[PDB]
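Protein chains in written order, with the working numbering: chain V, 1 to 215; chain D, 216 to 428. Only one structure is covered here, and it is reproduced in the block below.
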Ligand SMILES: CC(=O)N[C@H]1[C@@H](O[C@@H]2[C@@H](O[C@@H]3[C@H](O)[C@@H](O[C@H]4[C@@H]([C@H](O)CO)O[C@@](O)(C(=O)O)C[C@H]4O)O[C@H]([C@@H](O)CO)[C@H]3O[C@@H]3O[C@H](CO)[C@@H](O)[C@H](O)[C@H]3O)O[C@H]([C@@H](O)CO)[C@@H](O)[C@@H]2O)O[C@H](CO)[C@@H](O)[C@@H]1O
């Protein structure tokens, strides 16, 4: 059994967007489906329910009249169409399969929906290198990017131990993020260490390689 | 219908018994539990109050009737650390969720390691200045950073971020950034990072002089 959500992105307030769920590995027309969303601030919130028939639909009191849930049985696809989007609508949205008693056995990976007036902006990535002996700490600073999410990797992900990546914090419509990596002194600067940052929204792919510096 | 979960957060050492509470506004038709490990979707854990999902371990139990339901673990485990959510269906919308219980893993006190990073040459060329402090691998979680310029505390334009508990260490780390204009940054020579933690009465201090680097 698999469920794959899609159709997420950045949306204007008062905008409309549609999400889809593709269901595989079970008899689809048999089951009811739900939409559930999560925000760090407000956590787990149910959105809407559609019966296998489509005859029965339930809507969250908050989304009523602005959101419509529908399905296409031949396709195996579940639909949520959103209109009149508000800031509170920003969430990660999961499609779920309804089981007896209405608990959810299977969940989707999720699509993130962000609704903001704020303009898309690419990050600038700065390597952080030690200042002027038994260990070394280095950092990547990624700042001035909107919206989430960014992906930070070290050495193509080849280097994953002693890594800390810190959640982004948003100030004045822009996000700041950082990462620190700790490797033994023999390891750096002898072998190469690089910061790879990916911003999907900007299509930005950037690499920063830490270099010791002095004048 | 309102589900109230207590405690909001708890710490359990390994080999400890832990119990969690969901409180219901009205008698519930169905009470379910889910487990979420952050950065992934919530997982099915318990359905219909007492029934284990295939693949959940024996230690977990689900209980309660009427208004009060409980989740307990026989013995705490490292892998167990997660957020737990209770959910209900009464046969009428809305279907409703708990605020959730965050279960931390208790461990020995640890002191942070502190690193201070001056602004990058590229950032300066760009016309801005940023200074970063890392506070790495400490316990327990609450911590303080103070910034000093030329001996004077600066509280303005500082952003702080926390990881969740580390996978191997079970520790926490925090990151601090001080943001200045280049011209302003060039006003002062010395930048200092002060970190205060329960482990030590005295703060741990790192600094550099704009001169020399
Ligand atoms: C959100 C909610 O209220 N969910 C409750 C709902 O679950 C829905 C339910 O739909 C079934 C299904 O479409 C089908 O049943 C077939 C099989 C089933 O595939 C496996 O048991 O079950 C039967 O053999 C049976 O014993 O009844 C009949 C089979 O045809 O058909 C019935 C139809 O009669 C609907 O017209 C349907 O049951 C009704 O569904 C509607 C929702 O439109 C509900 O309002 C009625 O009260 C139901 O009688 O069951 C599905 C099932 O696989 C898991 O529960 C589920 O995915 C659907 O969401 O009703 C459940 C059972 O009463 C309840 O547990 C849910 O809380």
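Don't be surprised by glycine CBs; every beta carbon is placed ideally from N, CA and C.
- Of the other Cβ atoms in all chains shown, fewer than 16 fall within 10 Å of the Cβ of residue 1 (chain V); this residue is therefore exposed.
- Neighbours of residue 123 (chain V) in chain D, taken as residues at a C-beta separation under 9 Å, are lacking, since the least C-beta distance is about 12 Å.
- Proximity of chain V to residue 425 (chain D) at the Cβ level (cut-off 8 Å) is not reached, the minimal Cβ distance being about 10 Å.
- In this structure, D:237 is the residue among D:368, D:237, D:228, D:299 with its C-alpha nearest to the C-alpha of residue 221 (chain D).
- The stretch 355-393 of chain D is shown to contain no whole alpha helix (DSSP H) run of 4 or more residues.
- Counting only runs that start and end inside the stretch 284-362 of chain D, the alpha helix (DSSP H) elements of at least 4 residues fall at 336-340.
- Rounded to whole angstroms, the separation of the alpha carbons of residue 299 (chain D) and residue 200 (chain V) is 31 Å.
- Taking the beta carbon of residue 102 (chain V) as reference, the chain D residues within 7 Å of it are 245, 304, 310, listed in sequence order.
- Taking non-hydrogen atoms of ligand 1 into account, the C-beta of residue 362 (chain D) is found less than 7 Å away from none of them.
- The CB of residue 199 (chain V) never comes closer than 8 Å to any CB in chain D; the least such distance is about 17 Å.
- Considering only beta carbons, the part of the stretch 371-394 of chain D lying closer than 7 Å to chain V consists of 374, 376, 378, 388, 390, 392, in chain order.
- Residue 297 (chain D) is positioned such that its CB atom lies closer than 8 Å to that of residue 252 (chain D).
- Taking 7 Å as the cut-off, the C-beta of residue 89 (chain V) does not count as close to any heavy atom of ligand 1.
- Taken through DSSP and simplified to helix, strand or coil, residue 209 (chain V) comes out as strand.
- Nearest neighbour of residue 150 (chain V) by Cα position, chosen from V:35, V:9, V:205, V:198, turns out to be V:198.
- Checking the 7 Å criterion, the Cβ of residue 399 (chain D) is out of range of every heavy atom belonging to ligand 1.
- Relative to the non-hydrogen atoms of ligand 1, the Cβ of residue 5 (chain V) never comes closer than 7 Å to any of them.
- Non-local beta-carbon contacts of residue 118 (chain V) in its own chain, meaning distances under 6 Å to residues more than five positions away in sequence, involve 146, 173 in chain order.
- By the criterion of a C-beta distance shorter than 6 Å, residue 15 (chain V) is surrounded in its chain by 85, once the five residues flanking it on both sides are discounted.
- The beta carbons of residue 305 (chain D) and residue 328 (chain D) sit no closer together than 8 Å.
- Not one heavy atom of ligand 1 falls within 7 Å of the beta-carbon of residue 71 (chain V).
- The C-alpha of residue 262 (chain D) is placed about 29 Å away from the C-alpha of residue 67 (chain V).
- Neighbourhood of residue 105 (chain V) in chain D, by CB distance below 9 Å: 259, 262, 268, in chain order.
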